[PDB]
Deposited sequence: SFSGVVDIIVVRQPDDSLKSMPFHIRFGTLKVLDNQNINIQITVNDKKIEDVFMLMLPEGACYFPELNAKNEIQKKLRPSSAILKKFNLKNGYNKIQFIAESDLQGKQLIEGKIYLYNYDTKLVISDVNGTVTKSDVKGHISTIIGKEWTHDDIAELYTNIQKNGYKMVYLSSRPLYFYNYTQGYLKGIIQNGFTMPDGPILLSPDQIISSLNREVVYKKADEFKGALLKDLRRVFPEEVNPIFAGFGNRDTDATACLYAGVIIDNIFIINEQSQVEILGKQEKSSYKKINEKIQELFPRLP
């Protein structure tokens, strides 16, 4: 089974509170309390518990004095993490009297309320085609240079995977291994469609979840890259203007939906300052 943590996103609200996406973490070994360390610093007075199936949650009282199982921590808990802007290292330590201490590592990102995100599907959009693997999937040409320059202009790349949770760590390794003419894929969180995280329209629900951790009065999702018409629908209903949605096919032809224009990652990169203007 899966052992790891799905990249976590945290957003600082303009009242200085903190909101985050749900924590999806699994201890594959453990067949129990859970402590946290952020940036190699243990976090005091914060703990998680674990269900029989291995999924973990923050215990939180409701108004009837019953324990609720939250995947999203309170703002007060998140402030104790002492998160820096951007990437942060996070580890979860599950202590068990039978199996001792078990540790998993992951990534947690802190954005501001005015941070602008650029979504990118993985399969068919980064890879050329949409269980046996080696990471040698083919990659559309010139995509690493394009995304690098989007990031350099102040946007934040956010990747989207609909593969089963078993492949999550593989997808992370595939993206960080891409090298094209010296360019690499900019570091960023990989969100997992909630249908793949079973416990107790999916791409659209995930992106609306991400949008809703930002205040209502800003539109945080600037643009999106996909390869199926359902990717365009997911982005539109999460707040992306049609003009900023790009849909690529297996011949690496990119359609800019708003302008109904045929293009490519190379040509979009040449027009980077027009389509992805630099942010202050």
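Numbering the deposited sequence from 1, one finds several regions with no C-alpha coordinates, namely 32-37, 137-141, 212-222.
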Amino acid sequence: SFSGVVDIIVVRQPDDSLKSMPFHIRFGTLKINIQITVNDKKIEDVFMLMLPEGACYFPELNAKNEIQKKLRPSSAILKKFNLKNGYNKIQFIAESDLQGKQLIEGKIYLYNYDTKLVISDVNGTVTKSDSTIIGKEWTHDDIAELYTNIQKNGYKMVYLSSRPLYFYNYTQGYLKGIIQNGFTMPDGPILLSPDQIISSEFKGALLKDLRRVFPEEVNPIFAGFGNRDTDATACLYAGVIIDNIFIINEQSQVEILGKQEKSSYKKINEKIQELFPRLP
From here on, numbers count along this sequence of modelled residues.
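The mean C-alpha temperature factor is higher for 134-142 when 134-142 and 116-124 are set side by side. As the entry records it, the average C-alpha temperature factor is higher for 158-166, out of 181-189 and 158-166.
Among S20, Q260, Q13, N269, the highest C-alpha B-factor recorded in the PDB entry belongs to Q260.
In the PDB entry, the Cα temperature factor peaks, among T233, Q251, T37, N244, at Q251. In the PDB entry, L51 places in the highest third of its chain by CA B-factor.
Per the PDB record, residue ranking by Cα B-factor puts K203 in the highest third of the chain. Ranked by C-alpha B-factor against the other modelled residues of its chain, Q172 falls in the lowest third. The PDB entry assigns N85 a C-alpha temperature factor belonging to the middle third of its chain's modelled residues. Residue-level temperature factors show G224 in the lowest third of its chain, judged at the C-alpha atom.
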